[PDB]
Amino acid sequence: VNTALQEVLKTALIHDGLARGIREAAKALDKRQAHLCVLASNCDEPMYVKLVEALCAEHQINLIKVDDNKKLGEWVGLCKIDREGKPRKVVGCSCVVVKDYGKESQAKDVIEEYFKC
Amino acid sequence: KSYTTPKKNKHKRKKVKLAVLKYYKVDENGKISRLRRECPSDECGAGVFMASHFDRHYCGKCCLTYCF
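Taken in order, these protein sequences are the chains called A and B. Under the working numbering, the first sequence has 6 at position 6, and the numbering climbs by one with no breaks. Under the working numbering, the second sequence has 172 at position 55, and the numbering climbs by one with no breaks.
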């Protein structure tokens with residue numbers, strides 16, 4: 001669920017196993033070293049939505065939908081300025097391709113059985 | 118120091134709007150199409166791509182320039 005996504009993004013942040021952005025994320029997806037994929041839908045996407053769905057609909061690739069770019073951008077740790085409470089300005093990240101090495105969590109297991117269901 | 122000779126400028130680099138979405142072509146069917154070329158070297162397996170010039174195709178870092 002969303003707190004499981006928050007935990008796996010924090011684990012990827014502290015273990016540096018993450019590919020933020022879109023260009024190196026597409027590099028990682030065409031590199032075939034991918035485990036999970038996320039997307040914030042209903043944004044200003046005239047064609048990026050169909051590009052990213054035809055990209056993520058290849059093989060072994062999962063999906064998690066977020067309401068806006070501002071929330072997963074906070075979970076990935078993109079822009080952290082003035083961290084004493086609320087941040088100053090956080091820019092939204094579109095998609096995240098994540099490598100998982102420290103896969104020891106109950107949240108990982110419940111999100112994995114959410115993908116498999 | 119302002120001298121009577123004209124002053125040169127550093128190269129400003131022109132900003133492209135969503136170039137990666139121009140490489141992969143998405144039609145109405147379940148297929149993915151590659152417009153420009155790919156990379157054949159052992160350093161970059163399938164990741165980076167080549168330039169679409171009018172008389173050659175230039176690699177990003179491997180310098181495999183193939184001219185027609």
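From the three backbone atoms N, C-alpha and C, an ideal C-beta is built for every residue, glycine too.
Nearest to A/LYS27 by C-alpha distance, out of B/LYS127, B/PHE166, B/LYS129, B/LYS132, is B/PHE166. Linking B/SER119 to A/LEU63 through their CA atoms gives a straight-line distance of about 58 Å.
In the DSSP assignment, B/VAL143 falls within the unbroken beta strand (DSSP E) covering 141–143. Distance between B/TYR141 and B/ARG154, taken at the CA atoms: about 11 Å. A direct Cα-to-Cα measurement between A/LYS70 and A/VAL76 gives close to 10 Å. Counting of Cβ neighbours within 10 angstroms places B/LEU135 among the exposed residues, the total staying below 16.
Cβ proximity to chain B below 8 Å picks out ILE22, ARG23, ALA26, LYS27 from the stretch 12–29 of chain A. For B/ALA163, the nearest CB of chain A lies under 7 Å from its own CB, placing it at the interface with that chain. With fewer than 16 neighbouring CB atoms inside 10 Å of its own CB, A/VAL110 falls in the exposed class. About 18 Å separates the CB atoms of A/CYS43 and A/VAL97; that is not less than 8 Å, and the two are not in contact. Bounds of the beta strand (DSSP E) holding B/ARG151 are 149–151. Between A/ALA12 and A/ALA19, the gap from beta carbon to beta carbon reaches 7 Å or more. For B/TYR183, the beta-bridge partners assigned by DSSP are B/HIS174. The C-beta of A/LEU51 has 16 or more other C-beta atoms within 10 Å across all chains shown, which makes the residue buried. One finds nothing in chain A with a Cβ atom closer than 8 Å to the Cβ of B/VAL133; even the nearest lies about 11 Å away. Per DSSP, A/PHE115 is one residue of the alpha helix (DSSP H) stretching across 106–116. Chain B places a beta carbon closer than 7 Å to that of A/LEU51, counting this residue as a contact. When C-alpha distances from B/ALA168 are compared across B/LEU181, B/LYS125, B/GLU160, B/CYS161, the shortest belongs to B/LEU181.
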